[PDB]
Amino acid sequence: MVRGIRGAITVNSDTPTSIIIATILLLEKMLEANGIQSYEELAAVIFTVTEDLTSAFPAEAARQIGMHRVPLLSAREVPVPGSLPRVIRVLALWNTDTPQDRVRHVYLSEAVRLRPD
């Protein structure tokens, strides 16, 4: 019994500092918005970045906040022309029995335009 948590955030530039900070902020807001106490509830966390973000792996942000024992994997987002630039997307696999409609998903900064809810 697993539920996916989706997250997204943008950055103004492709710098290692800005990528890590934004991922730390996003990751911690998806955890708070679902009342997740310990990292041991996470089966894995998957990241995607757009073509214009290459200066750092988003996985370093998880180790920056103590997710050394959490499996992480990153990949490249589909380069759709005209889509939102410099987006870091997250799919966290949450070990819980929470109903689907009660899982809270977090879209931050310019990435709020991605979902109209």
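Quick note: we count residues from 1 along the sequence shown, nothing fancier.
**Student:** Mean CA B-factor: is it higher for 61 to 69 or for 47 to 55?
**Tutor:** Going by the record's values, the stretch with the higher mean is 61 to 69.
**Student:** 18 to 26 versus 99 to 107: which one carries the higher mean Cα B factor per the record?
**Tutor:** The stretch with the larger average C-alpha B-factor is 99 to 107.
**Student:** Checking the entry, which one of 31, 42, 75, 87 has the top C-alpha B factor?
**Tutor:** So the option with the highest C-alpha B-factor is 31.
**Student:** When the modelled residues of the chain are sorted by Cα temperature factor, does residue 91 land in the lowest, middle or highest third?
**Tutor:** Its C-alpha B-factor, which the entry lists for residue 91, ranks in the middle third among residues of this chain.
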